[PDB]
Amino acid sequence: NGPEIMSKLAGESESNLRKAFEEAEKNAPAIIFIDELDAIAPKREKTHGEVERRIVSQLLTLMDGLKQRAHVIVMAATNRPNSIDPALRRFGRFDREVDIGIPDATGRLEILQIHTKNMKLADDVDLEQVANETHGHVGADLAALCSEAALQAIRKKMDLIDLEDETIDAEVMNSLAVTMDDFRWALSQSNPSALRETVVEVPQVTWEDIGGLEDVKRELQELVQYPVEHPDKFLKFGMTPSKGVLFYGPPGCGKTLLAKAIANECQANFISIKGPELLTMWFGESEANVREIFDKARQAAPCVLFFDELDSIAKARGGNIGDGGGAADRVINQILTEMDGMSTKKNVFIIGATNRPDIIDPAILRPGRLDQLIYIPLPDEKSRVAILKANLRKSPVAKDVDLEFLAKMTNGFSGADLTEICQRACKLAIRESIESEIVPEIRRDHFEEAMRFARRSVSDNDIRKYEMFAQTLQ
Amino acid sequence: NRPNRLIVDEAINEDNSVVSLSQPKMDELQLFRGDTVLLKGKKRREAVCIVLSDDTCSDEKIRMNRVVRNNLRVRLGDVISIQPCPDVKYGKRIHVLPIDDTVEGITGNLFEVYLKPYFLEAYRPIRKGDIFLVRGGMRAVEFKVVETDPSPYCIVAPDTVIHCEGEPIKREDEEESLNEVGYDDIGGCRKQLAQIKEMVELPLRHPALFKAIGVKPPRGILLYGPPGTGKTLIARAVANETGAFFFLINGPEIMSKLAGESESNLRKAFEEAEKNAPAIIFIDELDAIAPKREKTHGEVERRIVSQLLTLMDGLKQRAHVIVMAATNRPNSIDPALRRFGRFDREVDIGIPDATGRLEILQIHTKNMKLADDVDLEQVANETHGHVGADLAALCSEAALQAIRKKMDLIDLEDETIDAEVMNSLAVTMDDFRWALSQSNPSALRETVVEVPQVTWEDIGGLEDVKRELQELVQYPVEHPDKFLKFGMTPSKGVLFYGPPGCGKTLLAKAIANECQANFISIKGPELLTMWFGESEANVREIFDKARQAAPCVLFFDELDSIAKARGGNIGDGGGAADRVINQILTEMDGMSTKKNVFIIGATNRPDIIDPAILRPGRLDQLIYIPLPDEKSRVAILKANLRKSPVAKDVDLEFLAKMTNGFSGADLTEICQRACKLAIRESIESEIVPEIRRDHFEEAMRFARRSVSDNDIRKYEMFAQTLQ
Ligand SMILES: Nc1ncnc2c1ncn2[C@@H]1O[C@H](COP(=O)(O)OP(=O)(O)O)[C@@H](O)[C@H]1O
Ligand SMILES: Nc1ncnc2c1ncn2[C@@H]1O[C@H](COP(=O)(O)OP(=O)(O)O)[C@@H](O)[C@H]1O
Ligand SMILES: Nc1ncnc2c1ncn2[C@@H]1O[C@H](COP(=O)(O)OP(=O)(O)O)[C@@H](O)[C@H]1O
């Protein structure tokens with residue numbers, strides 16, 4: 001480990017290092033694990049001194065020194081890849097590069113179940129919702145959660161009597177159990193003190209979650225599915241599958257849901273770049289970050305890379321009058337660059353979404369880019385029924401309140417305006433239930449009080465404007 | 001389970017040898033507040049103490065101070081046996097006698113002072129061998145009772161002849177001396193004091209269990225806060241009180257040595273401490289060793305930041321050692337020190353608040369014997385900005401002032417300066433107000449985090465808003481599974497909008513108080529600073545500080561400030577988005593699921609706010625805060641005047657009548673304008689001293705309303721337009 005090697009004096013260092021392999025090549029097949037490779041090998045501008053630069057050397061030439069008569073494999077742990085000296089990646093040193101990544105909800109379950117196999121828990125805690133609120137936790141955060149859970153429960157009991165003897169009794173800890181009120185107390189601590197950076201996981205949204213948009217659901221499958229499944233068919237007509245899509249339409253109509261739904265149907269990774277993140281690069285004048293975004297999609301492939309609010313920087317410049325310049329700007333420029341310069345097909349599929357297709361720069365549109373415009377309209381009462389149901393397919397809704405009549409009264413709302421009504425109703429309910437008793441389910445009159453506040457955010461003006469962009473483009 | 005034994009726990013009172021039982025135990029032990037009780041302790045020794053009756057304590061925990069515990073040899077969390085002794089029998093002059101080094105430069109007659117005041121009005125029961133401690137004249141000297149004419153124990157009576165001796169029997173080797181800091185020496189940081197004791201209770205107190213169990217106890221703890229906030233103090237108290245061996249590294253000592261003489265002391269510091277386990281290694285000034293960064297130059301500095309990383313790794317949990325390290329800001333140190341298995345726990349000691357600066361002040365004068373008028377409440381009110389060391393410096397400068405006005409007035413200076421003379425010495429309020437007049441807030445001022453003192457009692461009107469806000473902030477924290485029954489996420493934002501001075505700030509502070517939550521206020525100038533300074537990386541440090549202060553209310557006041565600085569009636573050519581609000585969006589939506597951080601924005605220009613703030617997952621609930629009504633304008637006038645005296649002669653609802661509308665701030669203007677015309681009268685006099693109706697009439701001559709009825713209609717408009 002790097003700091004041990006860095007702990008020694010000059011020449012006592014690289015001796016342990018060149019001994020570490022000359023010791024291990026005996027015992028072969030063997031694995032040398034160099035974790036904290038940044039400690040040894042950040043050979044860069046930033047190192048000062050010869051002795052640091054000496055040790056980044058000689059590591060390069062112990063990598064070269066293994067002739068394949070060495071059965072040794074060298075693993076090295078790093079945190080971000082740009083961390084280390086680029087000559088460590090020369091072919092014949094570290095050729096393979098494998099990203100362990102943050103675990104997801106579905107994975108944070110297995111970790112939790114590994115770190116309590118010795119505990120003998122209590123019956124109500126299900127580890128599914130424990131694994132749901134632990135988002136942001138790496139697997140060590142998880143190990144720390146459950147150990148703090150088990151040190152809490154040992155605080156509420158046992159030494160209650162002060163039974164402390166030489167060797168503390170066997171049968172007594174087995175009686176000891178850790179309830180859900182321990183774990184929820186374990187999360188209440190600071191524990192997401194670990195990193196939060198761009199997440200990459202398979203979303204949990206299946207098409208079951210999207211009311212309506214039937215034609216879009218089948219259009220998207222062709223775009224994303226058929227190429228990956230049936231390539232030589234594309235090779236029979238000498239065709240390149242289009243790797244972009246641009247969803248456009250009013251807000252809250254499900255442009256995000258569709259992107260996640262299709263990553264799920266493919267069981268592909270979904271990286272979401274939202275509007276604030278593009279604005280960050282544009283104010284911060286750091287669009288070198290766009291490269292790190294696509295290389296992270298490339299390493300997470302097959303993946304869906306989703307740019308939401310791709311008009312964000314165009315808005316921040318205005319765009320009804322706006323600045324004197326043209327449509328091009330720093331960040332979208334690097335998205336163009338990294339798109340068209342990407343690998344032939346790595347199964348990275350690029351989805352943009354915009355609520356202002358008007359002010360997007362047209363260069364994004366040209367073939368080899370987001371090449372397929374897909375309009376995402378305000379739902380119809382046909383769909384407004386399935387929107388109301390897909391929201392209420394979790395919370396309990398009594399039969400007494402009926403749907404297609406609610407979905408009737410709205411000439412148009414977004415699918416988001418409808419969730420507004422739903423969630424507004426569910427708030428009026430919990431308000432009732434918390435109070436009681438001094439009955440505990442939803443009711444029709446909850447929704448009627450909700451509908452008092454139902455507003456539509458789309459003004460029938462701009463639907464005609466949206467209707468216009470549709471026929472104008474072809 | 002043979003309910004004889006009972007646990008020992010901390011106690012509020014200042015006096016010695018008083019244990020405070022849980023009231024639903026009365027007839028179990030059968031003994032009332034007039035019976036003294038024998039308590040069993042380690043190395044076959046005991047004590048007997050009169051008993052007090054209180055509600056708040058747990059049933060199983062005796063509450064008693066340090067002195068009564070040390071002789072018992074009980075450390076908090078240990079269990080003692082409590083058995084009554086109605087059989088008590090008075091003594092005739094138990095023999096008492098000075099000990100330690102404490103026993104410093106004293107001389108002459110210490111018995112009319114360090115005994116006779118204390119024994120008086122008391123009947124303090126005393127068993128032979130007790131260390132019971134007395135304080136006077138800027139010193140705490142304790143007198144051990146070596147001999148009791150009857151035995152084992154005795155009440156003291158005013159009728160026992162008193163024995164003048166004053167000889168210095170040195171303290172025995174095995175007892176750990178009292179002068180050493182315990183938990184009661186730590187005034188104002190206590191929420192986190194439970195936190196550190198919770199972390200370290202089980203590892204330090206119970207070495208056997210973690211050898212008898214699979215699990216990992218905390219390896220290292222990082223105390224951080226501005227310098228002088230008591231971080232060394234905490235580590236020593238925890239060590240001294242659990243009994244564990246406390247080792248102290250400080251960075252500049254390690255940095256003082258030559259290369260290789262350095263890391264040897266360092267790797268010896270643990271290889272020395274792992275013997276003495278359970279032990280605490282305190283590495284304060286961890287920035288001196290471990291700022292491993294770009295900024296270090298040299299191998300030897302980078303060597304020492306290494307090897308510290310790998311002494312952290314080297315403890316295998318057969319080490320019972322806990323490593324505490326003090327730091328000032330967390331970004332200060334090398335990030336590989338925070339790898340899990342090195343410093344996993346991170347605990348922020350923080351600036352004390354008015355309510356805390358009181359306890360600190362009361363700890364640093366326990367030996368002084370003050371003067372009657374100084375109340376330490378307003379002393380603790382104007383000491384804002386002072387860390388706990390600033391406070392220790394205040395009161396010591398107060399006591400060196402009062403020693404300057406007196407004593408050496410005669411020049412009585414002898415070999416050993418007299419005992420009875422300093423006890424007469426007292427420090428009045430005119431010393432402390434002179435102590436504050438100095439530079440002493442030479443310590444840090446950065447963003448404060450404390451529970452505000454504004455209760456709803458302070459806000460005139462806004463009844464519907466008061467109940468709306470409670471639902472938003474309270475119901476989620478109290479009743480989560482109810483939110484889980486309908487699969488709902490509690491909205492974590494609010495945006496107050498309305499005219500100025502209508503109480504948008506007060507409401508935010510009032511609700512943090514009703515929750516008893518921390519309140520961080522980011523005001524308008526601070527957002528403008530980030531926008532001119534083009535440093536919006538600071539917004540991250542703002543939310544991570546809320547996250548560490550959670551449960552907290554984070555309040556953005558004047559969230560339109562950057563929009564104004566760009567204009568906004570015509571304004572720049574750009575859109576609504578800008579650098580700083582962008583990072584607020586980012587840090588909001590990317591925040592932890594629910595840490596009980598509740599985000600309140602306030603604006604007097606909801607017009608020019610960017611709409612992206614509004615979208616669900618952000619400040620999602622708009623709450624309009626209107627100009628008050630004469631209904632409320634009465635309670636506004638009263639909540640201002642609920643401090644200063646207002647004679648009945650001046651009447652309110654008629655003042656609150658004449659104003660079609662003012663802000664709640666315009667009304668405070670009138671109030672304060674009146675109170676100025678009054679003090680003007682009182683300072684002058686006499687060459688009467690209270691407010692009067694005509695004061696307020698002269699005030700009302702200058703009453704202006706800052707809201708012009710135009711924009712109320714504009715405010716009325718934003719209200720119905722949004723829904
Ligand atoms: N067609 C729809 N079907 C089901 N839910 C929807 C639909 N449209 C919107 N919603 C709900 O509204 C929310 C916001 O929609 P979003 O995916 O952001 O759409 P957009 O990107 O077009 O604004 C989503 O969480 C979703 O649950
Ligand atoms: N919360 C507190 N309660 C009582 N005394 C305090 C408190 N904080 C600081 N002090 C006083 O301040 C002095 C400096 O404390 P120290 O722990 O050395 O500072 P730091 O926190 O920088 O390590 C100590 O002598 C202590 O008496
Ligand atoms: N409704 C009110 N009730 C009591 N005091 C008020 C009220 N409104 C304003 N004040 C007084 O006016 C001052 C300024 O109000 P502030 O909280 O800044 O409101 P805003 O943020 O809306 O300007 C506060 O110190 C408060 O004491």
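In what follows, every heavy atom counts, from backbone to side chain, and hydrogens, waters and symmetry copies are set aside. Order of the sequence lines sets the chain letters (A, B, ...), proteins ahead of strands, with each chain counted from 1.
The environment of CD in B:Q516 is crowded: more than 12 heavy-atom neighbours from other residues, nucleotides or ligands sit within 6.0 Å. Under a cut-off of 6.0 angstrom, the local environment of CG in B:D87 is crowded, with over 12 non-hydrogen atoms contributed by other residues, nucleotides or ligands. At most 12 heavy atoms of other shown residues, nucleotides or ligands fall within 6.0 angstrom of atom NZ in A:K157. Heavy-atom contacts from other residues, nucleotides or ligands closer than 6.0 Å to CD of B:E174 number more than 12. The neighbour count for B:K61 NZ, taken as heavy atoms of other residues, nucleotides or ligands under 6.0 Å away, does not exceed 12. Atom NZ of A:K120 is surrounded by 12 or fewer heavy atoms from other residues, nucleotides or ligands within 6.0 Å. Surrounding NZ of B:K316 are at most 12 heavy atoms belonging to other residues, nucleotides or ligands under 6.0 Å away.
Among all heavy-atom pairs drawn from B:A399 and B:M138, the shortest one is CB-CE, 3.5 Å. Contact detail for B:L233 and B:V181: the closest heavy-atom pair is CD1-CG1, 4.1 Å. Nearest heavy-atom pair, B:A277 versus B:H320, reported as atom, atom and distance to 0.1 Å: CB-CB, 3.5 Å. Pairing each heavy atom of A:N191 with each of A:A186, the nearest pair is ND2-O, 3.6 Å.
The side-chain heavy atoms of B:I186 and B:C189, taken from C-beta on, include a pair separated by under 4.5 Å. Side-chain contact between B:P168 and B:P98 is absent, with no heavy-atom pair separated by less than 4.5 Å. Proximity of B:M368 to B:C395: side-chain heavy atoms (C-beta onward) are separated by under 4.5 Å at one or more points. When side chains are defined from C-beta on, B:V51 does not count as touching B:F32, because their heavy atoms never get closer than 4.5 Å. Between B:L133 and B:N16, the closest side-chain pair of non-hydrogen atoms falls below 4.5 Å. Side-chain contact between B:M324 and B:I283 is absent, with no heavy atoms from C-beta onward closer than 4.5 Å. Between B:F270 and B:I281 the shortest side-chain heavy-atom distance falls below 4.5 Å. Residues B:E10 and B:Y183 form a side-chain contact, since some pair of their non-hydrogen atoms from C-beta on lies under 4.5 Å apart.
For the residue pair B:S17 and B:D130, no side-chain donor N or O sits within less than 3.5 Å of a side-chain acceptor on the partner. Side chain to side chain, B:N250 and B:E253 meet the donor-acceptor criterion of an N or O pair below 3.5 Å.
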Test side-chain contact (heavy atoms from CB on, under 4.5 Å) on B:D9 and B:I62; report intermediate values, then the result. CA-CA 5 Å; B:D9 180 77; B:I62 278 172; 6.0 Å; no
Under the criterion side-chain contact (heavy atoms from CB on, under 4.5 Å), I'd like the reasoning laid out for B:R63 against B:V18: C-alpha separation, chi angles, the key distance, then a yes or no. CA-CA 8 Å; B:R63 292 179 174 270; B:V18 170; over 6 Å; no
Run A:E148 and B:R345 through salt bridge (charged side-chain N to carboxylate O under 4.0 Å, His left out) and show every step you take. CA-CA 11 Å; A:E148 192 181 7; B:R345 303 304 186 101; 3.5 Å; yes
Report the C-alpha separation of B:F282 and B:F246 in whole Å, then their side-chain angles, then the decisive distance to 0.1 Å, and conclude whether the side-chain contact (heavy atoms from CB on, under 4.5 Å) test is met. CA-CA 7 Å; B:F282 185 70; B:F246 179 85; 3.6 Å; yes
List the steps and the verdict of side-chain contact (heavy atoms from CB on, under 4.5 Å) for B:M199 and B:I221. CA-CA 9 Å; B:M199 295 174 184; B:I221 297 167; 3.6 Å; yes
Test B:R73 against B:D78 for salt bridge (charged side-chain N to carboxylate O under 4.0 Å, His left out), laying out the working first. CA-CA 9 Å; B:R73 298 294 184 269; B:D78 285 343; over 6 Å; no
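The one candidate from B:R75, B:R205, B:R69 that meets the salt bridge (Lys or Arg N to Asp or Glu O under 4.0 Å) condition with B:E241 is B:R69.
Side-chain atoms of B:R342 do not come within 3.5 Å of backbone N or O of B:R338 as any donor-acceptor pair.
Under the 6.0 Å cut-off for aromatic ring centres, B:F119 and B:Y114 do not qualify, their centroids lying 6.0 Å or more apart.
Separation of atoms CZ (B:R171) and OG1 (B:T102) is listed at 10.0 Å; rounding is to 0.5 Å.
Legend: side-chain hydrogen bond (donor to acceptor under 3.5 Å, both in side chains) pairs involving residues 189-200 of chain B, not counting sequence neighbours, sorted by first then second residue: A:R155-B:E198. Counting only residues at least two apart or on different chains, the side-chain hydrogen bond (donor to acceptor under 3.5 Å, both in side chains) pairs with a member in residues 21-41 of chain B are B:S22-B:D59, B:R33-B:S53, B:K40-B:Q83.
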Which pairs would a plain distance check flag for residues 346-363 of chain B, meaning a side-chain donor or acceptor within less than 3.5 Å of a matching protein atom at least two apart in sequence or in another chain?
from, atom 1, to, atom 2, distance (Å)
B:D348, OD1, B:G350, N, 3.3
B:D353, OD1, B:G356, N, 2.7
B:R357, NE, B:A380, O, 3.4
B:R357, NH1, B:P352, O, 3.2

